[PDB]
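Read the single chain below, which is given as structure tokens and is the form deposited in one PDB entry.
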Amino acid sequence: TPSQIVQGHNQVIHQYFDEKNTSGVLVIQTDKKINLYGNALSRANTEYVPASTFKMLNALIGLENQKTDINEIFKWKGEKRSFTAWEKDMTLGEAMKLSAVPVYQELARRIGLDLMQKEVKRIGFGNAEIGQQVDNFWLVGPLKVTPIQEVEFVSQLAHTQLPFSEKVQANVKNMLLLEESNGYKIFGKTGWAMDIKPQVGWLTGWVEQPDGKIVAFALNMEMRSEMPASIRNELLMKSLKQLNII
């Protein structure tokens, strides 16, 4: 009789990250209970730059302080953008789905350094430090946040418990919908800080199950330039399936 290796979801997710030859953590929160998965659990309490995940908070601050509205069309003013898909006029919500940096730089500059630092410190996001550069403080420092802090933030968003108006949080939630099928909804925001070393990849969001239960997640991993952007989505979805969340 041979031995049998018993692969629980903890071992599977740890080895999912090992297979990509990188370090990563998946933070899960539901019913005010947080679980850690992956091959680098100490990442969960390490500060990283939020990169494009900060768009969620940018949008909340801009809508709450009436610097924009969900129907405003941000015009493409003619510079070569990083992707041709970004070279069009679009709303805040379309820019959220596309992670269209220049729209959120326009919004950040409307908010202004003063209001932004004060709203970020009021929310208590991460180390709550934005420095003097209002258009990149979430990409190159000084703002940093742990994956646990991101799961706590996004779970509050999903529950409309952040210190913002209900309608503002509801509108930002609708910008983050990624997938709907069979009574499940998945919301989230990817991020990838390429200019810092080591690079950091994010995928933060939540699942709404058919009975309404919310299961929030923050995936955080080291990226390398040869990786496809979809590696974050692949690792998230396989792990969510292994955990029976979807």
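Only residues modelled in both forms are compared. Only the largest set of C-alpha atoms that superpose within 1.5 Å between the two forms is called the rigid core. The numbering used is simple: start at 1 and walk along the sequence shown.
- The mean Cα B-factor in the deposited entry runs higher for 82-90 than for the other of 82-90 and 150-158.
- Comparing 213-221 with 192-200, the stretch with the higher mean C-alpha B-factor in the PDB entry is 192-200.
- Between the residues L98, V172, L113, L107, it is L113 that shows the highest Cα B-factor in the PDB record.
- Among the modelled residues of the chain, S181 sits in the highest third by CA temperature factor in this PDB entry.
- Annotation for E208: CA B-factor lies in the lowest third of the chain's modelled residues.
- Looking at the C-alpha B-factors along this chain, the one for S42 belongs to the middle third.
- Per the PDB record, residue ranking by Cα B-factor puts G141 in the highest third of the chain.
- Sorting the modelled residues of the chain by their CA temperature factor places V103 in the lowest third.
Another form, the form deposited in another entry, is not on view; read the next lines as being about it.
- Note: rigid core superposed between the shown form and the other one; among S165, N174, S82, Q133, the CA shift is 2 Å or more only at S82.
- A100: CA moves 2 Å or more between the shown form and the other one after rigid-core fitting.
- Here's the thing about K88 and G93: their CA atoms end up at least 3 Å closer in the other form than they are in this form.
- Look at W86 and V200: in the other form their Cα atoms move 3 Å or more farther apart than in this form.
- 5-7, 76-89, 99-101 are the runs of at least 3 consecutive shared residues whose C-alphas each shift by 2 Å or more between the shown form and the other one once the core is superposed.
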